[PDB]
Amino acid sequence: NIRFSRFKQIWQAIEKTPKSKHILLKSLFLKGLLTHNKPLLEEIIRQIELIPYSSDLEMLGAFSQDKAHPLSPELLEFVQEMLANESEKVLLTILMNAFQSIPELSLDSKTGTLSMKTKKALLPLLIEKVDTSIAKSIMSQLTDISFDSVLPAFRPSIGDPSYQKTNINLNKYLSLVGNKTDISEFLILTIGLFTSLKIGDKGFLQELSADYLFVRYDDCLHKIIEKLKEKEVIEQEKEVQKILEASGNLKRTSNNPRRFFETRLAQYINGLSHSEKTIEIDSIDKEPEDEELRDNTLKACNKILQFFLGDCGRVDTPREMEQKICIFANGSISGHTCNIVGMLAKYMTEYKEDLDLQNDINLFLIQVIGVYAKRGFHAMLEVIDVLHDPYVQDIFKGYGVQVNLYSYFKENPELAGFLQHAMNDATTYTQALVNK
């Protein structure tokens, strides 16, 4: 059909674009077909140096509204042909991007959505004319077909507009700390209160934040009573007595402040790779405090990921760190970590002579923690657990690599910004949580 000839022209004009855009444009086109996003389809057609006619919008199903069967039989056959002419890696990436960029739920109706029921049906239909070996190979790898609401990553040291320093007072503390809260909400506000009021050394606040991170709430609270016993802090005696009584009136689950802290921490860790090219800073000569950490991390992560992925393992942005680490882990959350540890053994074998091996491994593992806890809850301590498992610990020990992530977060000052910015947002979060 001539409409099929128009569809080939559209698809092949995508392939006349620079090779670095074929995957993006094909994924976007498949999304626009599956969601009837008329503006997106017009944008793609104009971006591949074509002209969008209303006949093209009608044929591409732009004016359709069937969110349960988005591709018409004709359009479905067109897509099946175009996907059959595709390479397996390319077809896998295109289908993964198209399905994971499409929400299942959306408050704002008329934003194209496709239920999981529909995505599960579309996936085998789209590869119906595909080579059956490639098809089942894709059905095996394409296991996560759901929407990926990619959380943003943060880097306050370069003027990130996202960062907001918490506004916790001695007054707002006492009113909220009237222990209707639990131990977590109590420790978060206390560390948030000690941070704004300068009730401790920079390494002390980092030591409290590392005790909270590793769920050493008994160790963390004990060091807080010890800090209050100081005489230069009881005034900044009557309100400090109120802080002690709260430590015996607490509740005890609904660990949303815990989940928010871990998620926010991962976004700051993953945000290390942000730069002025990935965050528009439309205002303004001093180097950021995390610049050496960022340089050392991007060096370690490039050495490690390109060791397995080749040139395709290059990492320059937070998203690429997220993407290449997930790809590398596919060569449950604790299962993905154990595979990483197993593959790192190959790296630590080839690079056992490297004087930066321990620092590179540890910097990379920090990013792995940031990648997984940024994509799901409970993942942070799950990664921490296997990394600290004695069998994994022995694998690292056999290469001269120490992985003690508690001492790393407690003692190393380059990780202080991660905890501080996470504990900052967790204080603001827990402030408004108990303020309702």
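Throughout, we count residues from 1 along the sequence that is shown.
Unmodelled residues of the deposited sequence between neighbouring positions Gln236 and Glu237 number 1 to 3. Missing coordinates between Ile284 and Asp285 amount to 1 to 3 residues of the deposited sequence.
With 341-349 and 166-174 compared on mean CA B-factor from the PDB entry, the stretch scoring higher is 166-174. For the pair 300-308 and 118-126, the mean B factor over Cα atoms is greater in 118-126. Remark: of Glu276, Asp316, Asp356, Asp219, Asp219 shows the highest value [criterion: C-alpha B-factor in the PDB entry]. When the C-alpha B factors of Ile327, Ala153, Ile361, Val240 are read from the deposited coordinates, the top value falls at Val240. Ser184: CA B factor lies in the highest third for its chain, per the PDB record. For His378, the recorded CA B-factor ranks within the highest third of the chain. Only modelled residues enter the ranking.
When the CA B factors of the chain's modelled residues are split into thirds, the value for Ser133 lands in the highest one. In this PDB entry, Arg259 carries a Cα temperature factor that places it within the middle third of its chain's modelled residues. The PDB entry assigns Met321 a C-alpha temperature factor belonging to the lowest third of its chain's modelled residues.
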